[PDB]
Structure formats: structure tokens, C-alpha cells
Amino acid sequence: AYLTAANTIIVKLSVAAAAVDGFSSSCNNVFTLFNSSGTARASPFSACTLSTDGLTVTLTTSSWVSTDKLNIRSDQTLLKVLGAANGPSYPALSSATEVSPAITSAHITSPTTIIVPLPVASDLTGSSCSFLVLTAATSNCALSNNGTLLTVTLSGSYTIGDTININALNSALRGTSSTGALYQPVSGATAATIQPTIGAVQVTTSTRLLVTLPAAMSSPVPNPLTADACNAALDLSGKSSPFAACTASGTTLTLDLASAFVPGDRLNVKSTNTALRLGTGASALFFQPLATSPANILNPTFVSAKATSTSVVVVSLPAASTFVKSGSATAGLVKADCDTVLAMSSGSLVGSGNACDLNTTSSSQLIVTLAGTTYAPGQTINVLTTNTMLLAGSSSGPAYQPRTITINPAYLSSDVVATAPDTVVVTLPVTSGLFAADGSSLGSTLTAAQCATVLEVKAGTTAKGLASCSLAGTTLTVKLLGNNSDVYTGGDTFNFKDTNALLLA
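Using PDB author numbering, the letters of the sequence shown correspond one by one to residues 885 to 1389.
Right, dumping it as C-alpha cells:
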């Protein structure tokens, strides 16, 4: 006998059996459920059916308690070996048998995770993981969800078509207590195959998302994915055409959103998935909906950072957010409140006042102050693992998750000087260099088209035509055109451009 769910019992046989008319309506007259002391229960079962191959019996009960036994009442006349017409009745065992919880499906969610649902609340000893049977090696396995969601932490590698099944020597896993029924493998049933499913999610921009995959895909359908293909496979709170475009590379499914990111949504695979599949040939395994009832949450993260001065940083956020502390809505937080929350890669935050502020709570930018002028290129801003005050949307919205960000310098320490009617000399704070997209040094040259993608000189609303950039060491020289309006005028301004990708610090 076996228990494959919270209300199910599957009982197996060794020789094809048969059923007599009315056997679906007289289940209690064939089987009987005992307790550990031999005292039979009172009418435990409700309905029953027999499989076509005749070696399987299905029952539904709600009266099962741990360490209960089963057996066939001897005198029973409604179950016949090899035929209801002519055979004898199916015998009974000298001693009853113990129900043993089973397992029937598992998901490989990420490269290092395999979640296995369990039928009922369970108990385990430590986190050693030899009670299973896997081809690959494992490092750790531990319980969760009140004992109803096993987790297997892969250490080796996943080969397509692998199967998970418990061992017959099990001495670690049990049902409902440390002294309950031992999980056992079903006799005659094949080892269950592992199916893939989507992993974690992260918002990286007001429109982009990144999704972890269980293994490196090689050939979706179509190979170059499309907006139509992705809409038919994934679901985002049931919105119509929630998707703008989608690409796959490595173990990441990069993505775009139809409109602005609305805090709250979740992601799960639709029922009719046909596009995203893992493997090649007849071994292809389609992605399935996850076991967890709540769909995977969308974790907001930092978008980008830049230092407006040596002791100020203005982080940009993907959507409206707000600090929440002790049930109230707040705009900023004092040092110790922001200190176990976000940490610069080197240094410490300000002492007195709001060390981390947003002005109006429902905003999109975050201002940080340090212990003086201590920012130098090569410093990063991150959200720490243990944090709860950061929440996007409302008083109970999603909390931010760790992600490293690099700060772009945006401060000029010294003034900018016009030495001639067509010359402007800009003194940069740190040693610099011109490099290419692929990283090869560009030396000290910059063309007119390449010099308009780095900086601009403007008067009022209009800009000024350029002729050449230049940079040797820490002085960056610029030359205008020189005719009509491309000359120095009575009050002008200089600005770096956010499109800049050629000039590095």
C-alpha cells in the first residue's frame, strides 16, 4: 500500500485481478484500515476503482493517521484473481502492511535547485541527503513550508532525462513526526522524471526583467524568440499582451514590458506552453507550472547610480517606492536604520540626519550622504541581504534584493576655462583614458561624430557645433567650428552626456 497525496491511497498487486458488479460501491467490504494496535477503524473509505491493467487499486480516505496499516478482509467475495467469472478471491496477508508516503513529481527550478513536493507534513534528521537516489551528487537538502517542500541543492550537474526516487534503505525521512512512517519507493513504478520550470526574477529597469533558467537552453521554438511566442508561454497577472520582446542567452531570459512596471505582479508558466523547452530531439522536456501556490515575485533592484559629488549619491529606482518602519510611512532614515540596509563598498554613512532620503515617499530617487568627501572611482552601491524597510509600491509591497551597481562619476572638482574663441579646457578629477567598445585603446583621438556622443557646449536651449575632442592625461581639450554661431558667447555651459560610453575614469 502507498499514500501519494493528502487523501489518496494506491494499493498494488502482483497478478491481474477482477471486479464484480457493484465493487465501486462496496469498498469497505474488501479492504480495512487498522491502527498500530490492531483496532480496526469504522468505515474509513468512500470510493474505489481498479486500473485497466488490473495491478492497481485506487481509494479515497480522510481518516488516515500516521503509522496505520491495511489488509484485505479474508472472506471477501468481490475481488477475483484473473477473472470475476471463474477465479478465486484475492487472498489476504498473514499480517497487515504499513502505509508509506510516496513522491511523484519534481521540478528542476534553477541550475542548483530541485524542489520536490511532499504529500503531507514531514520530518527529517539533519540535512544529509543520501536518503534519495540521484545519478548526480548533492551537497545539502533541507525542509521548508512547514515540512511540505523538500529542497535538493545540486553540487554536480544536471543531465537531461534524470530521475529522482527514494531509497529502500531510508532511515532519515518520515511522516508527521520524527517517529512516523518511513518514505518508501513504489514497487513496479518507474523512477519519476525531473521537469524544468522558471526560477527567480529581477527588475533591472522600469521595463526589463531577467529570469533564471534551470539549464542552458539551445533551441526554443522559434530559435529567435518573438513577442507572440513569449505571450503564449508565460503569464503576468493575466494581463493582455504583457510582453514587448524577449531574448534568450546563456541561463538568462532577458525581457521587456509592454508598459511601465506595476508593483505587485507575479510570473508563472501558462498551461499551453509550447515555445520554451529544454533539450533536443525526443528527449525534449516542456516547462511546467510550478508547485508553489504563490507565483514567483518580481524583485525590484537598483537601476543605476552616479555620484553628483564626493559625498552624495543619487540612486535611481524602477518605480514608485517608500520606506516603511514600525507600520508607519517614512521618507528617510537615520544612520543605524540605513546602515544594516545598504552599504557602500568602502566607508560609512552620515551621522546626523536622514542618512538615506527620498523627499516625498512616493518617488524614484534616493540620496545618500557619507562621512565626508570619500568617493573615488571604483565604489559600488548594493542592497544588503538582511533588509526589510525597503519596499516598493506601498506599505506591503515587494522588498528590494541584493544587486551590485557601479557609480558613474558626475562631479567636476575644478572650473572649466575658455582659453580662446574656439577652445574649452576641462580638468577631470582622476586619470582617464579613451577606449573602444571592445576595449582596445583609442589613444588620444576623437572625431566630430564621436565627440558629440560624449559632451555638449550650449547657450540657452541650442547646442554648439564641434570639430574635435582630445584628451591627454587629465586635461580634455575641445575645439568648436568657429563660424557664425560655433564660437564662445556671453555666458555658456558645459555638460557631459548620459549617452557617453567612450570616456572612462
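Beta carbons are placed, not taken as given, at the ideal position from N, Cα and C, and that holds for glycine.
Backbone CA spacing between residue i and residue j [nearest angstrom]
{"i": "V1252", "j": "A1227", "result": "10 Å"}
{"i": "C1335", "j": "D1221", "result": "44 Å"}
{"i": "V1300", "j": "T1359", "result": "10 Å"}
{"i": "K1219", "j": "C1240", "result": "8 Å"}
{"i": "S1247", "j": "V1225", "result": "19 Å"}
{"i": "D1046", "j": "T1158", "result": "21 Å"}
{"i": "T1043", "j": "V1187", "result": "36 Å"}
{"i": "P1147", "j": "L954", "result": "52 Å"}
{"i": "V1267", "j": "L1242", "result": "16 Å"}
{"i": "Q960", "j": "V949", "result": "25 Å"}
{"i": "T936", "j": "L1274", "result": "57 Å"}
{"i": "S1143", "j": "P1003", "result": "40 Å"}
{"i": "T1156", "j": "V1017", "result": "31 Å"}
{"i": "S1352", "j": "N1384", "result": "16 Å"}
{"i": "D1140", "j": "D1322", "result": "26 Å"}
{"i": "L1094", "j": "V1153", "result": "15 Å"}
{"i": "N1051", "j": "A926", "result": "34 Å"}
{"i": "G1357", "j": "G1327", "result": "11 Å"}
{"i": "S1354", "j": "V1338", "result": "11 Å"}
{"i": "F918", "j": "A1117", "result": "47 Å"}
{"i": "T1135", "j": "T1185", "result": "19 Å"}
{"i": "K1123", "j": "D1112", "result": "14 Å"}
{"i": "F1170", "j": "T1032", "result": "25 Å"}
{"i": "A1276", "j": "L1097", "result": "25 Å"}
{"i": "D905", "j": "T1077", "result": "37 Å"}
{"i": "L1201", "j": "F1145", "result": "11 Å"}
{"i": "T1035", "j": "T1361", "result": "60 Å"}
{"i": "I1291", "j": "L1388", "result": "12 Å"}
{"i": "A1099", "j": "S930", "result": "44 Å"}
{"i": "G1262", "j": "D1382", "result": "19 Å"}
{"i": "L1053", "j": "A986", "result": "14 Å"}
{"i": "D1223", "j": "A1175", "result": "37 Å"}
{"i": "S1011", "j": "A1005", "result": "17 Å"}
{"i": "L1250", "j": "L1217", "result": "11 Å"}
{"i": "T1269", "j": "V1234", "result": "21 Å"}
{"i": "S1236", "j": "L1066", "result": "59 Å"}
Burial state of residue i (16 or more Cβ within 10 Å)
{"i": "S1071", "result": "exposed"}
{"i": "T1009", "result": "exposed"}
{"i": "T923", "result": "exposed"}
{"i": "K1348", "result": "buried"}
{"i": "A890", "result": "exposed"}
{"i": "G1059", "result": "buried"}
{"i": "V1308", "result": "buried"}
{"i": "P1178", "result": "exposed"}
{"i": "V1314", "result": "exposed"}
{"i": "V1199", "result": "buried"}
{"i": "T1063", "result": "exposed"}
{"i": "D952", "result": "buried"}
{"i": "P972", "result": "exposed"}
{"i": "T1303", "result": "exposed"}
{"i": "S1324", "result": "exposed"}
{"i": "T1206", "result": "buried"}
{"i": "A969", "result": "exposed"}
{"i": "residue 832", "result": "The chain is shown from 885 up to 1389; residue 832 falls before or after that span and cannot be answered."}
{"i": "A1204", "result": "buried"}
{"i": "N1030", "result": "exposed"}
Contact set for residue i: own chain, Cβ-Cβ below 8 Å, skip 5 residues either direction
{"i": "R957", "result": "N913, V914, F915, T916 and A976"}
{"i": "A1294", "result": "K1190, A1191, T1192 and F1380"}
{"i": "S1061", "result": "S950 and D1007"}
{"i": "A1020", "result": "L1038, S1039, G1040, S1041, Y1042, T1043 and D1046"}
{"i": "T1164", "result": "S1102 and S1103"}
6 Å Cβ shell around residue i - same chain, five flanking residues per side excluded
{"i": "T1257", "result": "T1194 and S1195"}
{"i": "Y1259", "result": "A1191 and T1194"}
{"i": "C932", "result": "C911 and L943"}
{"i": "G1366", "result": "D1306"}
{"i": "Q1068", "result": "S984"}
{"i": "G1281", "result": "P1147 and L1275"}
{"i": "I998", "result": "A990, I992 and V1036"}
Own chain partners of residue i with C-beta closer than 7 Å, once the 5 adjacent residues on each side are dropped
{"i": "residue 844", "result": "Residue 844 falls outside the range modelled here, since the chain spans only 885 to 1389, and no answer is possible."}
{"i": "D1149", "result": "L1120, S1121 and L1182"}
{"i": "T892", "result": "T944"}
{"i": "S1298", "result": "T1311"}
{"i": "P1106", "result": "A1113"}
{"i": "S1167", "result": "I1044 and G1045"}
Integer-rounded CB distance, given that residue j should sit under 8 Å from residue i
{"i": "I1265", "j": "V1197", "result": "6 Å"}
{"i": "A1332", "j": "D1376", "result": "No, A1332 and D1376 are not in contact; Cβ-Cβ is about 19 Å, not under 8 Å."}
Please determine if the stretch 1077-1093 and the stretch 1025-1036 are in contact, where contact requires at least 3 C-beta pairs separated by less than 8 Å. With the cut-off at 8 Å, the stretch 1077-1093 and the stretch 1025-1036 do not touch.
The stretch 891-911 touching the stretch 965-974, judged by at least three CB pairs closer than 8 Å: A contact is defined here as three or more CB-CB pairs under 8 Å, and the stretch 891-911 meets this definition with respect to the stretch 965-974.
Closer than 8 Å is the cut-off here; do at least three beta carbon pairs connect the stretch 983-994 with the stretch 1068-1082? Three or more Cβ pairs closer than 8 Å define a contact, and the stretch 983-994 meets that threshold against the stretch 1068-1082.
Counting pairs of Cβ atoms below 8 Å between the stretch 1123-1140 and the stretch 1030-1044, do you hit three or more? Because the criterion of three Cβ pairs below 8 Å is not met, the stretch 1123-1140 and the stretch 1030-1044 do not touch.
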